[PDB]
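Residue numbers (UniProt numbering): 141 to 234.
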Amino acid sequence: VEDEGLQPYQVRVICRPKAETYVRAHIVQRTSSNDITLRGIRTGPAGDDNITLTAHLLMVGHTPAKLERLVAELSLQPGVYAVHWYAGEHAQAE
């Protein structure tokens, strides 16, 4: 089965590694309750005291207000430097 009914969105949040721990858990619990399916989360150190969690998600339907709320919550975690979501798992800037 192909997924062209679940739009790939990548949510990249740059936060402290100490935050990454609860942020990554927060991502998986939010997505599973928000009708968002996960592809995987690419977590990598990208700076000095920061790690960028790039969560590749597929959202069924896509309700922007939900995704935005989750992104705001991810940013709401104490330790986030920045967060941004982009459409396309592979960052498809077409």
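We treat Cβ as the ideally placed atom computed from N, Cα and C, and that holds for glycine.
Check	Outcome
Same chain, Cβ closer than 6 Å to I176, neighbours up to 5 away in sequence not counted	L197 and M199
For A233, the first and last residue of its enclosing beta strand (DSSP E)	No beta strand (DSSP E) contains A233, which DSSP labels as neither H nor E.
Per DSSP, cross-strand counterpart(s) of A195	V151 and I181
Proximity below 8 Å, CB of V153 to CB of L214	yes
Beta-bridge partners of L146, as assigned by DSSP	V200
Three-state secondary structure (DSSP) of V220	strand
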